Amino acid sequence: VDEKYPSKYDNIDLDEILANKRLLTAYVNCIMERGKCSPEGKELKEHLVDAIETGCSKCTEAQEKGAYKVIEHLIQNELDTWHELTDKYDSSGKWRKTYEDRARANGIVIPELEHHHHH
């Protein structure tokens, strides 16, 4: 095995997790504390939880960008999973709405918003 830092992910293996339903499901089980975490799962869980709890106040710029890549993919493609995560970690809904606004600003609007726009 050629991986000295198993706890450690970049933008590409994040893209690969986000692209596969069963990998995404496993990593989400890890972040939701209903499944065992890979080392990289633990790293992503710490940063993603901090993103929802405090807007990644404890994160570097790059760690927040990784968390937002995950959050943006969830808002567009897995809204119910996104709402599971915010129900678990967003003490009242501030980062739920802030991240949703930021996604929409980056052109990544929720499906319903696209439907109202095209109806």
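Residues carry their position along the shown sequence, with the first being 1.
- Taking only CA atoms, the mean B-factor in the PDB entry is higher for 110-118 than for the other of 4-12 and 110-118.
- Between the stretches 55-63 and 90-98, it is 90-98 that shows the larger average CA temperature factor.
- The deposited CA B-factor of residue 46 belongs to the middle third of values across its chain.
- In the deposited entry, the Cα temperature factor of residue 40 places it in the highest third of its chain's modelled residues.
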